[PDB]
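S.K.: Quick one: this structure, given as structure tokens, is what I'll be asking you about.
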Amino acid sequence: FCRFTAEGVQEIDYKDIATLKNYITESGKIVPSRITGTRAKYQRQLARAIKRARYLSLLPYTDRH
Amino acid sequence: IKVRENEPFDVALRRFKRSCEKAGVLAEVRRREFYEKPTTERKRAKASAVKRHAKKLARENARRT
Amino acid sequence: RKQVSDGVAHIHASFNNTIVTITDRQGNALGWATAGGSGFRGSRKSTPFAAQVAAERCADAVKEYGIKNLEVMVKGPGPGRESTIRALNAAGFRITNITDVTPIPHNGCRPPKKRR
Amino acid sequence: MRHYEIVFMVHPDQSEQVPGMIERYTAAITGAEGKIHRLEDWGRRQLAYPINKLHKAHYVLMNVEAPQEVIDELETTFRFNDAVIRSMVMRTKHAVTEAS
Amino acid sequence: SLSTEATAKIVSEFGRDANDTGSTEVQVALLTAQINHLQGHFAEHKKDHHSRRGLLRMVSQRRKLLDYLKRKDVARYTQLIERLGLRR
Amino acid sequence: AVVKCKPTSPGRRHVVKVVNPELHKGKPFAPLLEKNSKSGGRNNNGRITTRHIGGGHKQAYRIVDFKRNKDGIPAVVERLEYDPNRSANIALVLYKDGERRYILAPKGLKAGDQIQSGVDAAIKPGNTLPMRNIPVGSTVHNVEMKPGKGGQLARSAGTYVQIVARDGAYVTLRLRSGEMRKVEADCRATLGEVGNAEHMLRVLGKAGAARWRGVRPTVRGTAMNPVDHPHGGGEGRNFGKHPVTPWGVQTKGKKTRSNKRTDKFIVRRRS
RNA sequence: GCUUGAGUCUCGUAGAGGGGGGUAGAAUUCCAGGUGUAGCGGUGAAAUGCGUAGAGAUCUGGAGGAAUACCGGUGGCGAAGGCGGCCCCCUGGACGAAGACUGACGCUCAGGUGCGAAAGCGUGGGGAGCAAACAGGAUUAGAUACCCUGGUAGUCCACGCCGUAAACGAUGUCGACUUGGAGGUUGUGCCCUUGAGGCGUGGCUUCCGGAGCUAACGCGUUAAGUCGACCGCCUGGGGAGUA
């Protein structure tokens, strides 16, 4: 139940998939804050960060491939 | 949704399947649009979730023994 | 014949039938069997057993392809989707992985309102 | 004026032929008085899904301050330029430095 | 919206100093400037009913300030509607 | 735009006119006109070939540039004009070398706007390029079929063809009939829908409206005798026979295109 | 005159608030082809239906339309209706910190005006899925119903119109005061970030409960408690929200 955004100044970005690949599952789909801590504000900000990633193909929408 | 399951497996081991989505979305989206029951069912189950939290708070009893 | 090496095994498991089909790397069918064709017309084809019978009867007709190892890949819910894996294993196919492509709309079409 | 953050994915052949793209676009922002603050090109990266089949594109980042006429230059060139596959412009992001 | 640039322009134009920001004359000036800037964005889009409700509240509050001004100092009321071009 | 007329008179009750106050008001550019003597529907042999034509107001021919073969010279739209010969407003464009031409006014064109032909051109509405420089998905009009012929598709009001897919030498247009088709990639096609888009909401009100747009009355079949139409006769309102044109061939569903020579460009006939 | 109401300004914050325009991916359908075969589908069981003209299955390519999986949360925003992919443009409101400015500029409102889910209506497009009507199969004593297979309006877009809903916390709006407990969310000040922190205070907010109130159920600082101002409305049931 660690929110990396507790010490993460330079708030969530859509290029740091190095950090983003932890908030998803094997399938590529976002994880719930009730299971990964992640204060709701930063959970929403990283939700749209992951969505912008997916758009830039830095993350897959599904694991179909 | 996909696993190699190295042939020294002898197992199902597809707990990823029934742990991530497969039936949690499919058998409830297969039909039934209705546009309004999601909120009704949502707050029925959410009253039950807050009731679980109330159980966890007030779980101090005497066991009848 | 054509001595195909390896392949994938699609299990389209519905609420009524359980279609087993065997395909290859390129995605071309080599044979198939279904719990409705293997007998079990009706209330029995929506059972897990008829599904494994379909898997056995589809292990049939691919002995002529020398298919060595199978990538089982399933689809949809139902009584099958596990007994067909058991049977595709007990038929002597080296199940190299057990994946699925069971389709999930990202909230697309409206579904039928059936079943009152 | 605003601080947009432009990113665009260019086809790998025109990745062999990218630098003219950046040069022309920065020429637009220059000639329109804007100022560029990053050019963090990442080169040929592979795409998580097959985009416009022939995947494995080549990214470019700009993160520039300019007005909407400039950004129109960028975005119209992006659409009508057959090399670039999926640009995307954004808003402030407060023009930044390295560590992608 | 009235960017801080233009709102300081109006406060300087209509106020007793740069500190006088709450005067009725300067409030009316800001409301009129914003309404006149917004009427173009409404004659376009013609359907933004929530922003329209915002505009109605602006014009009604400017009406209230102008009534207060005409009740208090009729002379400044006259000069203000003259300088802003309201109620011809 | 579309103003309905008040019913001071039967026949004005139902009129709906299409005014375009931006149109020109006065005589047109003279050096681009010429007499257009009416035909009344009769070929060189004298006889009526297409019935229901003849009469109506007279009109002169506005020589509308179709080939658009002035490359690399930007032309400013001098004024919109009402062209009787046609469905779409024409525009009088002035080139930088002192030239004036009539073009089909696209949808978003205004007096004073600037258009340009040529392969170098931009992608405004009004620019005409070979359908090899035009992006795919772009919506073009005044399209050609043979490179340099002049322009033959999407000429009338509110019409456009859609370049759905380019493929080597052959650009595929979906045509406003909903008909796929292929044309040679070298064919010029100006960009953007054709103006006067509302030309389909005017309702003419009365019978004289057609009679001066140059139409004559359409006597039904069953109103004639047996000798004058396949339909026709009876002791009061009998049809009893499958509908047919006056010359025999069956109507109400009978496909008559048979070319066999331009079938290779037809990808999927309309439906 | 005055500042304690009401506003204006300077800095920011959170948001499915709004309108306009692009765009992405999954998925259903259709089209063309490849492989492949006698079944598919559907149900309680069936049958209509689809299939040897070779379907269902699997694969590739293409078209098109609607809604945005996960995030998702009695979470947020909005006056209410309602609003959830991402990106851009124009735009409203809320609220916090400190400081300044005006100086009662206020509250409530008959009539009036405006917004007002869904259905529905007119004009023009669009039409993938779903689906009134409709048709067939089945059930049944009958079955013009549920069920199944199809399927038109319609749902979609623009512009008008209607002006109703259980439009419902069945709770008019504004202000004051009156014990508490745990939450959620969004601000901010202070101290040691001394290391995922602790102490205050603003806003919105969900649940339990005290005094009180209530016919009871219950409401309970977001009152249905104690009051003040203005409005709407009721006066037995049916006839009738009808003539």
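Going by the structure tokens order, chains are called A, B, ..., each with residues numbered from 1, while ligands are numbered from 1 in the order shown.
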Within 9 Å of chain B, which residues belong to chain A? Use only C-alpha atoms and report them as a count of residues only.

M.R.: 5

S.K.: Can you pull out every residue from chain D that DSSP, working from the backbone, puts in helix (DSSP H, G or I), and format the result as a ChimeraX atom specification?

M.R.: /D:13-16,19-31,68-80

S.K.: Take the residues just selected and output them with C-alpha atoms as a compact mmCIF listing (two decimals), in the first residue's frame.

M.R.:
```txt
# COMPACT_ATOMS: atom_id res chain seq x y z
CA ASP D 13 11.91 4.96 -43.07
CA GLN D 14 11.38 8.59 -42.42
CA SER D 15 13.30 7.88 -39.21
CA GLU D 16 16.23 7.29 -41.47
CA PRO D 19 16.01 15.58 -38.82
CA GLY D 20 14.45 17.72 -41.54
CA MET D 21 11.14 17.37 -39.71
CA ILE D 22 12.44 18.81 -36.43
CA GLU D 23 14.37 21.48 -38.29
CA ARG D 24 11.36 22.70 -40.25
CA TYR D 25 9.00 22.67 -37.27
CA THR D 26 11.43 24.52 -35.02
CA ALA D 27 11.85 26.93 -37.93
CA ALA D 28 8.11 27.52 -37.77
CA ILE D 29 8.20 28.22 -34.03
CA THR D 30 11.26 30.44 -34.46
CA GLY D 31 9.74 32.47 -37.28
CA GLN D 68 -2.11 28.62 -31.41
CA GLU D 69 -1.08 29.73 -34.90
CA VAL D 70 2.23 27.96 -34.36
CA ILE D 71 0.50 24.92 -32.95
CA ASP D 72 -1.80 24.92 -35.97
CA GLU D 73 1.27 24.86 -38.17
CA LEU D 74 2.52 21.85 -36.25
CA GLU D 75 -0.77 19.94 -36.13
CA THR D 76 -1.84 20.51 -39.75
CA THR D 77 1.62 19.45 -40.92
CA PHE D 78 1.26 16.44 -38.63
CA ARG D 79 -2.00 15.35 -40.19
CA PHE D 80 -1.19 16.06 -43.83
```

S.K.: Given only C-alpha atoms (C1' of nucleotides), how would the per-residue table for chain E near chain G read, listing every residue at most 8 Å away with its closest atom pair and distance in Å to one decimal, sorted by chain and number, as CSV?

M.R.:
```
residue,atom,partner,partner_atom,distance
E:19,CA,G:101,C1',6.2
E:20,CA,G:101,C1',4.8
E:21,CA,G:101,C1',4.9
E:22,CA,G:8,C1',4.3
E:23,CA,G:102,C1',4.3
E:24,CA,G:102,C1',6.3
E:27,CA,G:8,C1',5.9
E:41,CA,G:90,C1',6.6
E:45,CA,G:19,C1',5.7
E:47,CA,G:19,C1',6.4
E:48,CA,G:19,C1',4.8
E:49,CA,G:18,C1',7.0
E:50,CA,G:18,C1',5.6
E:51,CA,G:92,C1',4.2
E:52,CA,G:92,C1',7.6
E:53,CA,G:92,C1',7.5
E:54,CA,G:92,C1',5.1
E:55,CA,G:92,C1',7.8
E:64,CA,G:105,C1',7.4
E:65,CA,G:105,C1',6.2
E:68,CA,G:105,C1',5.7
```

S.K.: Restricting it to C-alpha atoms, dump the selection as an mmCIF file, in the first residue's frame.

M.R.:
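So the final result, stored in result_3.cif, reads:
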```cif
data_model
loop_
_atom_site.group_PDB
_atom_site.id
_atom_site.type_symbol
_atom_site.label_atom_id
_atom_site.label_comp_id
_atom_site.auth_asym_id
_atom_site.auth_seq_id
_atom_site.Cartn_x
_atom_site.Cartn_y
_atom_site.Cartn_z
ATOM 1 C CA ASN E 19 -6.115 49.922 -4.918
ATOM 2 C CA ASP E 20 -9.782 50.783 -5.545
ATOM 3 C CA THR E 21 -11.035 47.524 -6.997
ATOM 4 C CA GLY E 22 -14.422 47.078 -5.368
ATOM 5 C CA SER E 23 -16.084 50.358 -6.278
ATOM 6 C CA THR E 24 -19.479 49.976 -7.899
ATOM 7 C CA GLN E 27 -17.453 46.319 -10.769
ATOM 8 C CA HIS E 41 -18.541 33.358 -27.783
ATOM 9 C CA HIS E 45 -21.952 27.912 -30.064
ATOM 10 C CA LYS E 47 -26.155 26.163 -27.204
ATOM 11 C CA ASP E 48 -23.808 26.401 -24.199
ATOM 12 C CA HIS E 49 -26.641 26.680 -21.733
ATOM 13 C CA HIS E 50 -24.525 26.440 -18.588
ATOM 14 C CA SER E 51 -22.205 29.227 -19.668
ATOM 15 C CA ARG E 52 -25.370 31.031 -20.710
ATOM 16 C CA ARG E 53 -26.596 30.791 -17.139
ATOM 17 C CA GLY E 54 -23.288 32.280 -16.095
ATOM 18 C CA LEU E 55 -23.885 35.168 -18.468
ATOM 19 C CA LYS E 64 -28.215 45.251 -9.421
ATOM 20 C CA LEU E 65 -25.029 47.310 -9.169
ATOM 21 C CA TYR E 68 -27.623 50.711 -6.500
#
```

S.K.: Select, as a list in words, those residues of chain F with any atom no more than 10 Å from chain G (distances computed using only C-alpha atoms (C1' of nucleotides)).

M.R.: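 My answer is residues 164, 165, 198, 200 and 201 of chain F.
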
S.K.: How would the residues just picked look written out with N, CA and C atoms as a compact mmCIF listing (two decimals), in the first residue's frame?

M.R.:
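The file below, out_36.txt, is the result:
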```
# COMPACT_ATOMS: atom_id res chain seq x y z
N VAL F 164 -11.97 7.43 -50.93
CA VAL F 164 -11.94 6.47 -49.83
C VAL F 164 -10.61 5.75 -49.78
N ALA F 165 -10.04 5.39 -50.93
CA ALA F 165 -8.77 4.68 -50.90
C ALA F 165 -8.00 4.94 -52.18
N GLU F 198 -28.20 24.28 -49.73
CA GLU F 198 -29.61 24.27 -49.38
C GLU F 198 -30.51 24.26 -50.60
N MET F 200 -31.83 22.18 -52.02
CA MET F 200 -32.78 21.09 -51.96
C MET F 200 -33.94 21.35 -51.01
N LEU F 201 -34.02 22.53 -50.41
CA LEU F 201 -35.13 22.85 -49.53
C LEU F 201 -36.10 23.86 -50.13
```

S.K.: Select from chain C every residue with an atom at most 10 Å from any atom of chain A, then for each give the shortest pair of atoms and their distance in Å to one decimal, using only C-alpha atoms, rows by chain and rising number, as a Markdown table.

M.R.:
```
| residue | atom | partner | partner_atom | distance |
| --- | --- | --- | --- | --- |
| C:99 | CA | A:64 | CA | 9.9 |
| C:100 | CA | A:64 | CA | 8.6 |
| C:101 | CA | A:64 | CA | 6.5 |
| C:102 | CA | A:64 | CA | 9.4 |
| C:103 | CA | A:64 | CA | 9.4 |
| C:104 | CA | A:62 | CA | 9.7 |
| C:106 | CA | A:61 | CA | 9.8 |
```

S.K.: Would you mind listing, as a PyMOL selection string, all residues of chain B that have at least one atom within 12 Å of chain C, where only C-alpha atoms are what counts?

M.R.: chain B and resi 1-18+21-35

S.K.: Report as JSON lines: every residue of chain D with an atom at most 7 Å from chain A, its closest pair of atoms, and their distance in Å to one decimal, counting only C-alpha atoms, with rows sorted by chain and ascending residue number.

M.R.:
```
{"residue": "D:47", "atom": "CA", "partner": "A:57", "partner_atom": "CA", "distance": 5.3}
{"residue": "D:48", "atom": "CA", "partner": "A:60", "partner_atom": "CA", "distance": 5.2}
{"residue": "D:49", "atom": "CA", "partner": "A:60", "partner_atom": "CA", "distance": 6.0}
{"residue": "D:100", "atom": "CA", "partner": "A:15", "partner_atom": "CA", "distance": 6.2}
```

S.K.: Provide the CA of residue 58 (chain D) to CA of residue 163 (chain F) distance in Å, to one decimal place.

M.R.: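 These atoms are spaced 28.6 Å apart.
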
S.K.: Identify, on the basis of only C-alpha atoms (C1' of nucleotides), every residue whose closest approach to residue 222 (chain G) does not exceed 12 Å; exclude the query and any residue fewer than 2 positions from it along the same chain; express the result as JSON, numbers by chain.

M.R.: {"G": [169, 171, 204, 205, 206, 219, 220]}

S.K.: Work out how far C1' of residue 44 (chain G) is from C1' of residue 145 (chain G), in Å to one decimal.

M.R.: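 Going from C1' of residue 145 (chain G) over to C1' of residue 44 (chain G), I get 18.4 Å.
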